[PDB]
Amino acid sequence: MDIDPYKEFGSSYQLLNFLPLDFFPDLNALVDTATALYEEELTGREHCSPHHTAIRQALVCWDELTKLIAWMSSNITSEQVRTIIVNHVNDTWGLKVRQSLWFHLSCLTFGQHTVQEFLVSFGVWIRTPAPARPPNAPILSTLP
Amino acid sequence: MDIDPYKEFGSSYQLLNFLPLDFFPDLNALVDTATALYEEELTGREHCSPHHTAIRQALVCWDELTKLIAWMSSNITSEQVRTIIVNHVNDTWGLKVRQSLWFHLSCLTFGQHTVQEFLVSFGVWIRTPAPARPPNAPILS
């Protein structure tokens, strides 16, 4: 199936992918934010919100990934080849986990609607030709 | 952070890990079932249920894994070290994806309380010693 994990959240993948890669905080910061703001809720017994569910699924996935690269690291793969695997991972999969954590943590903190409206505004802006294009990007708050 | 993706669903990794590995259907089978029974809901605009959110997340995760295996397969890795890797993620990561798909698809078609009670009954079963232990496992109905 063709599944966009942002579609049930009123956004889309291509909208997340318009933003510059440096826009999203690094992963460690996002986990620190998630821990500090929602640790009890995410490790709790209740759904809380589909955003919480997305966060836990994404962190669980990322955990499987780090255990995989740890396994092939200590078990099979040499040093340099390990570092190119890890660098490809962080340049791809890690970006996607950061996009997810940023999206859902931002929805929980500032409201899903204002995040949706930000992403849509940014899409409009990046899609506008330079003659008609306003100088300044749409903006949205940043997380702790 | 220490997260059990089943605790939000009133269950437990530990209960899933009691079941034998061959109990969960092949992943192609679970994906076929999710496609046939839930394609339009899963690929839609609405959450539908936490089970749907979990299934889309699980399959998106598995997709990222297949693309990683593809990349390091054709770029980095010899055929035999590749198959060792594919064996590892199949017996580990893949088993876990099958566990997630089976759990949530089972909740959707058969009820969440039904699946919960099944897992707790199976836990009780696998836990009781052979003298007092009934001969036939709990079923899911």
# chains A, B, ... in the order shown; residues from 1 in each chain; ligands from 1
>>> interface_residues(of="chain A", to="chain B", cutoff="8 Å", atoms="only C-alpha atoms", output="PyMOL selection string")
chain A and resi 1-5+7-10+35+39+42-47+50+53-54+56-58+60-61+64+68+72+76+81+85+89+93
>>> select_by_dssp(residues="chain B", states="alpha helix (DSSP H)", output="VMD selection string")
chain B and resid 13 to 16 27 to 42 50 to 75 79 to 89 95 to 110 112 to 127
>>> closest_atom_pairs(of="range 23-57 of chain A", to="range 104-107 of chain A", cutoff="7 Å", atoms="only C-alpha atoms", output="JSON lines")
{"residue": "A:34", "atom": "CA", "partner": "A:105", "partner_atom": "CA", "distance": 6.8}
{"residue": "A:51", "atom": "CA", "partner": "A:104", "partner_atom": "CA", "distance": 5.3}
{"residue": "A:55", "atom": "CA", "partner": "A:104", "partner_atom": "CA", "distance": 6.8}
>>> write_last_selection(atoms="N, CA, C and O atoms", output="compact mmCIF listing (two decimals), in the first residue's frame")
# COMPACT_ATOMS: atom_id res chain seq x y z
N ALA A 34 10.90 15.48 23.97
CA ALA A 34 9.84 14.51 24.19
C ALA A 34 9.88 13.94 25.61
O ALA A 34 8.84 13.81 26.27
N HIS A 51 -0.87 11.51 17.96
CA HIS A 51 0.49 12.04 17.98
C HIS A 51 1.39 11.25 18.92
O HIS A 51 2.53 10.91 18.57
N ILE A 55 4.65 9.10 17.95
CA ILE A 55 5.94 9.28 18.60
C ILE A 55 6.48 7.94 19.09
O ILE A 55 7.65 7.60 18.84
>>> atom_distance(atom1="CA of residue 125 in chain B", atom2="CA of residue 100 in chain B")
21.7 Å
>>> residues_around(residues="residue 143 in chain A", least_positions_apart="5", cutoff="12 Å", atoms="only C-alpha atoms", output="PDB file with C-alpha atoms, in the first residue's frame")
ATOM      1  CA  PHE A  23      15.167  23.256   9.970  1.00  0.00           C
ATOM      2  CA  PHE A  24      14.544  20.153  12.061  1.00  0.00           C
ATOM      3  CA  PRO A  25      16.384  19.913  15.398  1.00  0.00           C
ATOM      4  CA  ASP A  26      18.865  17.105  15.816  1.00  0.00           C
ATOM      5  CA  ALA A  29      17.347  17.323  21.189  1.00  0.00           C
ATOM      6  CA  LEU A  30      13.964  16.047  20.038  1.00  0.00           C
ATOM      7  CA  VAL A  31      14.185  13.009  22.306  1.00  0.00           C
ATOM      8  CA  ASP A  32      15.223  15.299  25.184  1.00  0.00           C
ATOM      9  CA  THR A  33      12.200  17.490  24.427  1.00  0.00           C
ATOM     10  CA  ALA A  34       9.839  14.514  24.195  1.00  0.00           C
ATOM     11  CA  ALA A  36      10.964  16.396  29.294  1.00  0.00           C
ATOM     12  CA  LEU A  37       7.485  17.343  28.052  1.00  0.00           C
ATOM     13  CA  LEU A 101       9.356  13.825  16.086  1.00  0.00           C
ATOM     14  CA  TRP A 102       9.425  17.486  15.087  1.00  0.00           C
ATOM     15  CA  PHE A 103       5.991  17.280  13.488  1.00  0.00           C
ATOM     16  CA  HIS A 104       4.226  15.478  16.321  1.00  0.00           C
ATOM     17  CA  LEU A 105       6.015  17.203  19.210  1.00  0.00           C
ATOM     18  CA  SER A 106       5.192  20.523  17.505  1.00  0.00           C
ATOM     19  CA  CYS A 107       1.539  19.526  17.138  1.00  0.00           C
ATOM     20  CA  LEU A 108       1.284  18.558  20.812  1.00  0.00           C
ATOM     21  CA  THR A 109       2.995  21.804  21.885  1.00  0.00           C
ATOM     22  CA  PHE A 110       1.628  24.519  19.541  1.00  0.00           C
TER      23      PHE A 110
END
>>> atom_distance(atom1="CA of residue 83 in chain A", atom2="CA of residue 75 in chain B")
14.0 Å
>>> residues_around(residues="residue 90 in chain A", least_positions_apart="2", cutoff="12 Å", atoms="only C-alpha atoms", output="list in words")
residues 21, 26, 27, 62, 65, 66, 69, 83, 84, 85, 86, 87, 88, 92, 93, 94, 95, 96, 97 and 98 of chain A; 68 of chain B
>>> closest_residue(among="B:15, B:112, B:66, B:33", to="residue 94 in chain B", atoms="only C-alpha atoms")
B:66
>>> decode(residues="range 16-65 of chain A", atoms="N, CA and C atoms", output="PDB file, in the first residue's frame")
ATOM      1  N   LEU A  16       6.438  18.290   4.390  1.00  0.00           N
ATOM      2  CA  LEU A  16       7.569  18.164   5.303  1.00  0.00           C
ATOM      3  C   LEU A  16       8.887  18.240   4.539  1.00  0.00           C
ATOM      4  N   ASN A  17       8.907  17.707   3.316  1.00  0.00           N
ATOM      5  CA  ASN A  17      10.124  17.649   2.520  1.00  0.00           C
ATOM      6  C   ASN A  17      10.450  18.958   1.810  1.00  0.00           C
ATOM      7  N   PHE A  18       9.552  19.952   1.827  1.00  0.00           N
ATOM      8  CA  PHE A  18       9.920  21.273   1.307  1.00  0.00           C
ATOM      9  C   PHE A  18      10.905  21.985   2.238  1.00  0.00           C
ATOM     10  N   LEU A  19      10.737  21.803   3.544  1.00  0.00           N
ATOM     11  CA  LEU A  19      11.558  22.486   4.526  1.00  0.00           C
ATOM     12  C   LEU A  19      13.030  22.111   4.362  1.00  0.00           C
ATOM     13  N   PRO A  20      13.937  23.047   4.638  1.00  0.00           N
ATOM     14  CA  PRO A  20      15.364  22.722   4.589  1.00  0.00           C
ATOM     15  C   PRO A  20      15.719  21.696   5.651  1.00  0.00           C
ATOM     16  N   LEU A  21      16.737  20.884   5.350  1.00  0.00           N
ATOM     17  CA  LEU A  21      17.093  19.789   6.246  1.00  0.00           C
ATOM     18  C   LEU A  21      17.530  20.305   7.609  1.00  0.00           C
ATOM     19  N   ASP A  22      18.178  21.469   7.655  1.00  0.00           N
ATOM     20  CA  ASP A  22      18.642  22.047   8.910  1.00  0.00           C
ATOM     21  C   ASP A  22      17.516  22.650   9.746  1.00  0.00           C
ATOM     22  N   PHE A  23      16.290  22.690   9.227  1.00  0.00           N
ATOM     23  CA  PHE A  23      15.167  23.256   9.970  1.00  0.00           C
ATOM     24  C   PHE A  23      14.791  22.388  11.157  1.00  0.00           C
ATOM     25  N   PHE A  24      14.945  21.090  11.025  1.00  0.00           N
ATOM     26  CA  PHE A  24      14.544  20.153  12.061  1.00  0.00           C
ATOM     27  C   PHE A  24      15.655  20.012  13.083  1.00  0.00           C
ATOM     28  N   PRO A  25      15.348  20.109  14.374  1.00  0.00           N
ATOM     29  CA  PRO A  25      16.384  19.913  15.398  1.00  0.00           C
ATOM     30  C   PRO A  25      17.065  18.555  15.245  1.00  0.00           C
ATOM     31  N   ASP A  26      18.249  18.421  15.838  1.00  0.00           N
ATOM     32  CA  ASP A  26      18.865  17.105  15.816  1.00  0.00           C
ATOM     33  C   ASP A  26      18.049  16.139  16.671  1.00  0.00           C
ATOM     34  N   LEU A  27      18.263  14.845  16.426  1.00  0.00           N
ATOM     35  CA  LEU A  27      17.417  13.835  17.050  1.00  0.00           C
ATOM     36  C   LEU A  27      17.542  13.877  18.574  1.00  0.00           C
ATOM     37  N   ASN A  28      18.779  13.942  19.089  1.00  0.00           N
ATOM     38  CA  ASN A  28      19.002  13.961  20.537  1.00  0.00           C
ATOM     39  C   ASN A  28      18.189  15.047  21.230  1.00  0.00           C
ATOM     40  N   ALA A  29      18.129  16.233  20.624  1.00  0.00           N
ATOM     41  CA  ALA A  29      17.347  17.323  21.189  1.00  0.00           C
ATOM     42  C   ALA A  29      15.864  16.993  21.183  1.00  0.00           C
ATOM     43  N   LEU A  30      15.379  16.383  20.102  1.00  0.00           N
ATOM     44  CA  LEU A  30      13.964  16.047  20.038  1.00  0.00           C
ATOM     45  C   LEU A  30      13.604  14.983  21.072  1.00  0.00           C
ATOM     46  N   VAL A  31      14.463  13.979  21.257  1.00  0.00           N
ATOM     47  CA  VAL A  31      14.185  13.009  22.306  1.00  0.00           C
ATOM     48  C   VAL A  31      14.212  13.687  23.668  1.00  0.00           C
ATOM     49  N   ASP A  32      15.187  14.580  23.908  1.00  0.00           N
ATOM     50  CA  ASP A  32      15.223  15.299  25.184  1.00  0.00           C
ATOM     51  C   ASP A  32      13.938  16.091  25.398  1.00  0.00           C
ATOM     52  N   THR A  33      13.442  16.733  24.339  1.00  0.00           N
ATOM     53  CA  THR A  33      12.200  17.490  24.427  1.00  0.00           C
ATOM     54  C   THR A  33      11.025  16.571  24.732  1.00  0.00           C
ATOM     55  N   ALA A  34      10.901  15.484  23.972  1.00  0.00           N
ATOM     56  CA  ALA A  34       9.839  14.514  24.195  1.00  0.00           C
ATOM     57  C   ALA A  34       9.878  13.940  25.612  1.00  0.00           C
ATOM     58  N   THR A  35      11.065  13.566  26.093  1.00  0.00           N
ATOM     59  CA  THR A  35      11.198  13.073  27.461  1.00  0.00           C
ATOM     60  C   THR A  35      10.722  14.117  28.460  1.00  0.00           C
ATOM     61  N   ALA A  36      11.228  15.345  28.319  1.00  0.00           N
ATOM     62  CA  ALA A  36      10.964  16.396  29.294  1.00  0.00           C
ATOM     63  C   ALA A  36       9.495  16.801  29.314  1.00  0.00           C
ATOM     64  N   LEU A  37       8.851  16.849  28.149  1.00  0.00           N
ATOM     65  CA  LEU A  37       7.485  17.343  28.052  1.00  0.00           C
ATOM     66  C   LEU A  37       6.425  16.258  28.182  1.00  0.00           C
ATOM     67  N   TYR A  38       6.730  15.011  27.798  1.00  0.00           N
ATOM     68  CA  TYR A  38       5.689  13.993  27.727  1.00  0.00           C
ATOM     69  C   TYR A  38       6.142  12.601  28.167  1.00  0.00           C
ATOM     70  N   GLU A  39       7.223  12.478  28.958  1.00  0.00           N
ATOM     71  CA  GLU A  39       7.721  11.144  29.302  1.00  0.00           C
ATOM     72  C   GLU A  39       6.645  10.292  29.963  1.00  0.00           C
ATOM     73  N   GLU A  40       5.942  10.850  30.949  1.00  0.00           N
ATOM     74  CA  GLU A  40       4.948  10.052  31.655  1.00  0.00           C
ATOM     75  C   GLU A  40       3.821   9.627  30.725  1.00  0.00           C
ATOM     76  N   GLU A  41       3.399  10.518  29.820  1.00  0.00           N
ATOM     77  CA  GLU A  41       2.286  10.192  28.932  1.00  0.00           C
ATOM     78  C   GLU A  41       2.675   9.133  27.903  1.00  0.00           C
ATOM     79  N   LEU A  42       3.891   9.225  27.352  1.00  0.00           N
ATOM     80  CA  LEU A  42       4.310   8.291  26.312  1.00  0.00           C
ATOM     81  C   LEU A  42       4.606   6.915  26.879  1.00  0.00           C
ATOM     82  N   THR A  43       5.254   6.863  28.031  1.00  0.00           N
ATOM     83  CA  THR A  43       5.462   5.582  28.692  1.00  0.00           C
ATOM     84  C   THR A  43       4.240   5.120  29.490  1.00  0.00           C
ATOM     85  N   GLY A  44       3.131   5.853  29.441  1.00  0.00           N
ATOM     86  CA  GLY A  44       1.936   5.481  30.169  1.00  0.00           C
ATOM     87  C   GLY A  44       1.125   4.367  29.512  1.00  0.00           C
ATOM     88  N   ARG A  45      -0.065   4.140  30.081  1.00  0.00           N
ATOM     89  CA  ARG A  45      -0.981   3.066  29.705  1.00  0.00           C
ATOM     90  C   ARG A  45      -2.104   3.542  28.789  1.00  0.00           C
ATOM     91  N   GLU A  46      -2.120   4.825  28.436  1.00  0.00           N
ATOM     92  CA  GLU A  46      -3.206   5.392  27.652  1.00  0.00           C
ATOM     93  C   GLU A  46      -2.688   6.007  26.357  1.00  0.00           C
ATOM     94  N   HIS A  47      -3.542   5.945  25.332  1.00  0.00           N
ATOM     95  CA  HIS A  47      -3.185   6.427  23.996  1.00  0.00           C
ATOM     96  C   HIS A  47      -2.740   7.885  24.009  1.00  0.00           C
ATOM     97  N   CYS A  48      -3.480   8.742  24.732  1.00  0.00           N
ATOM     98  CA  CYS A  48      -3.349  10.204  24.813  1.00  0.00           C
ATOM     99  C   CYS A  48      -3.775  10.900  23.522  1.00  0.00           C
ATOM    100  N   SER A  49      -3.111  10.595  22.415  1.00  0.00           N
ATOM    101  CA  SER A  49      -3.433  11.177  21.117  1.00  0.00           C
ATOM    102  C   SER A  49      -2.729  10.364  20.043  1.00  0.00           C
ATOM    103  N   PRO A  50      -3.254  10.366  18.818  1.00  0.00           N
ATOM    104  CA  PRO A  50      -2.525   9.716  17.722  1.00  0.00           C
ATOM    105  C   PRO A  50      -1.116  10.258  17.553  1.00  0.00           C
ATOM    106  N   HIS A  51      -0.869  11.508  17.961  1.00  0.00           N
ATOM    107  CA  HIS A  51       0.491  12.044  17.981  1.00  0.00           C
ATOM    108  C   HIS A  51       1.395  11.251  18.923  1.00  0.00           C
ATOM    109  N   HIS A  52       0.928  10.986  20.152  1.00  0.00           N
ATOM    110  CA  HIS A  52       1.663  10.112  21.071  1.00  0.00           C
ATOM    111  C   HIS A  52       1.950   8.752  20.438  1.00  0.00           C
ATOM    112  N   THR A  53       0.925   8.134  19.837  1.00  0.00           N
ATOM    113  CA  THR A  53       1.100   6.849  19.166  1.00  0.00           C
ATOM    114  C   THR A  53       2.164   6.933  18.081  1.00  0.00           C
ATOM    115  N   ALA A  54       2.129   7.995  17.275  1.00  0.00           N
ATOM    116  CA  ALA A  54       3.152   8.166  16.249  1.00  0.00           C
ATOM    117  C   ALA A  54       4.541   8.315  16.875  1.00  0.00           C
ATOM    118  N   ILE A  55       4.652   9.096  17.947  1.00  0.00           N
ATOM    119  CA  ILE A  55       5.940   9.277  18.599  1.00  0.00           C
ATOM    120  C   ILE A  55       6.485   7.938  19.095  1.00  0.00           C
ATOM    121  N   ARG A  56       5.648   7.142  19.778  1.00  0.00           N
ATOM    122  CA  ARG A  56       6.160   5.881  20.310  1.00  0.00           C
ATOM    123  C   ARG A  56       6.521   4.919  19.199  1.00  0.00           C
ATOM    124  N   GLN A  57       5.730   4.900  18.129  1.00  0.00           N
ATOM    125  CA  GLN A  57       6.077   4.024  17.021  1.00  0.00           C
ATOM    126  C   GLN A  57       7.416   4.434  16.421  1.00  0.00           C
ATOM    127  N   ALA A  58       7.631   5.742  16.262  1.00  0.00           N
ATOM    128  CA  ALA A  58       8.856   6.241  15.646  1.00  0.00           C
ATOM    129  C   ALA A  58      10.076   5.972  16.525  1.00  0.00           C
ATOM    130  N   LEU A  59       9.939   6.151  17.840  1.00  0.00           N
ATOM    131  CA  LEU A  59      11.058   5.890  18.743  1.00  0.00           C
ATOM    132  C   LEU A  59      11.373   4.401  18.813  1.00  0.00           C
ATOM    133  N   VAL A  60      10.335   3.559  18.851  1.00  0.00           N
ATOM    134  CA  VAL A  60      10.526   2.109  18.821  1.00  0.00           C
ATOM    135  C   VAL A  60      11.252   1.686  17.540  1.00  0.00           C
ATOM    136  N   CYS A  61      10.779   2.172  16.389  1.00  0.00           N
ATOM    137  CA  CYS A  61      11.458   1.933  15.115  1.00  0.00           C
ATOM    138  C   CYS A  61      12.924   2.342  15.182  1.00  0.00           C
ATOM    139  N   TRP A  62      13.181   3.572  15.638  1.00  0.00           N
ATOM    140  CA  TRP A  62      14.552   4.058  15.713  1.00  0.00           C
ATOM    141  C   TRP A  62      15.393   3.172  16.615  1.00  0.00           C
ATOM    142  N   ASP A  63      14.783   2.648  17.675  1.00  0.00           N
ATOM    143  CA  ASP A  63      15.513   1.756  18.560  1.00  0.00           C
ATOM    144  C   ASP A  63      15.923   0.492  17.818  1.00  0.00           C
ATOM    145  N   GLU A  64      14.966  -0.167  17.148  1.00  0.00           N
ATOM    146  CA  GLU A  64      15.325  -1.317  16.319  1.00  0.00           C
ATOM    147  C   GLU A  64      16.492  -0.984  15.407  1.00  0.00           C
ATOM    148  N   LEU A  65      16.473   0.209  14.810  1.00  0.00           N
ATOM    149  CA  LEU A  65      17.545   0.574  13.894  1.00  0.00           C
ATOM    150  C   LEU A  65      18.890   0.656  14.605  1.00  0.00           C
TER     151      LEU A  65
END
